[PDB]
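Take a look at this one chain, the form deposited in one PDB entry, written out in structure tokens.
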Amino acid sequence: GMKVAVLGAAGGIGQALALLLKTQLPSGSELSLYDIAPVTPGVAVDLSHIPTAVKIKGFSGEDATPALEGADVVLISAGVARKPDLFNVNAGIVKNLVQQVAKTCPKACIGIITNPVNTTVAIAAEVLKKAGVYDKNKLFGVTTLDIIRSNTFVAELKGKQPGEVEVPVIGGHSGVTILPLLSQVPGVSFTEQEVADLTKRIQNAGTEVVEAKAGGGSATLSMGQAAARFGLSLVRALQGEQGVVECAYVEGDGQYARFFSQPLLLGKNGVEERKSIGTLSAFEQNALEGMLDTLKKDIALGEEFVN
């Protein structure tokens, strides 16, 4: 059966992700949880009492190898969560875990959730290259939280059903690199003021969470849901479902930057097709040009950490 490993499973994001995967992965799947914290085997035992046909086991300590054996998908959510310096703490965590993936399940698809995604995916790529196992079609920066936020905010503004709205989001995963393509939402039109306001809201949405928590936490549950949506889409594609499309941050043709988020057709090899970003409005063209320097610097930060 299809095996998914979650590295970082003891944190708030990882536990939410693990709950959603235990309850939504296809029958016959396997789920392995890993984190440093010794609670992790018991997080898995907790989830193992839920009557779905998903086998689940958990592991703790310094070695992620037993969770990674036979993994088809590896989701990495370890490290410090973003609360809108992060590179300073998470860079080594990502490098250590991707080194273990490269040794144990180098053919797995790898979803990097750990932030800053724009940089940590570049770290992962250079680690995999140094190990001689890098497959650009199998390494993803998980940007899905930007998409599900965009869907929610567009649906609310325009009175649509939220589950029926799908906004393409391109670029990167932080600040001005997040570009929602509002001009492409079918059946919906936006004034230029609505576009500027919605784009700013999407680019700063995590601050709504932090402020409403009075500084006491981050957006853990919606990040778990976004990561679960991405992981479940990847599993559906790896099992042969057709037409599975997700935006994610991947190494592409390099037209805008070495790594860039765009709509992807997924398949049994990971990325099946990098789809065109399409026709952009004047606002979107300016936003795209405006964040290229930032995105390239984010990428170089990760490349230079390894090399």
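All residue numbers are counted from 1 along the displayed sequence.
Across the other compared structures of the same protein with both neighbouring residues present, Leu182 carries coordinates in every case, with no third of them leaving it out.
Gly132, present in the displayed chain, carries coordinates in each of the other PDB entries compared that cover both sides of it, far from a third leaving it out. In terms of unmodelled positions of the deposited sequence, the chain runs continuously from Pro106 to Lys107 in this entry.
The deposited model assigns a higher average Cα B-factor to 65-73 than to the other stretch when 29-37 and 65-73 are compared. Taking only CA atoms, the mean B-factor in the PDB entry is higher for 200-208 than for the other of 200-208 and 114-122.
Going by the entry's values, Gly132 shows the largest Cα B-factor out of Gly231, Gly172, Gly132, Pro168. The entry assigns its greatest Cα B factor, within the set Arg236, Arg149, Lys136, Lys158, to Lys158. For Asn269, the recorded CA temperature factor ranks within the middle third of the chain's modelled residues. Split the chain's modelled residues into thirds by C-alpha temperature factor. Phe190 is in the highest one.
Split the chain's modelled residues into thirds by C-alpha temperature factor. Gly14 is in the lowest one.
Ranked against the other modelled residues of its chain, the C-alpha B-factor of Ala81 as given in the entry falls in the highest third. Sorting the modelled residues of the chain by their CA temperature factor places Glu251 in the lowest third.
Below, we refer to the form deposited with a small molecule bound, which is not included among the displayed structures.
Stretch 211-219 is the contacting one of 211-219, 150-158, 126-134, 232-240, since its residues have non-hydrogen atoms within 4.5 Å of the small molecule in the deposited complex.
The contact residue chosen from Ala78, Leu179, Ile110, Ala122 relative to the small molecule in the deposited complex is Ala78, the criterion being a non-hydrogen atom within 4.5 angstroms. Site annotation in the deposited complex: the residue of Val98, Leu145, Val169, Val73 reaching within 4.5 Å of the small molecule with a heavy atom is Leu145.
Interface residue remark: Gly302 is not counted as part of the site for the small molecule in the deposited complex, having no heavy atom within 4.5 Å. Within this chain, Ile13 lines the site of the small molecule in the deposited complex, having a heavy atom no more than 4.5 Å away.
Residue contact check for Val245: none of its heavy atoms lie within 4.5 Å of the small molecule in the deposited complex. Contact check for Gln203: every heavy atom lies farther than 4.5 Å from the small molecule in the deposited complex. The candidate spot formed by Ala37, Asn90 and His173 lies fully in contact with the small molecule in the deposited complex, as each residue has a heavy atom within 4.5 Å of it.
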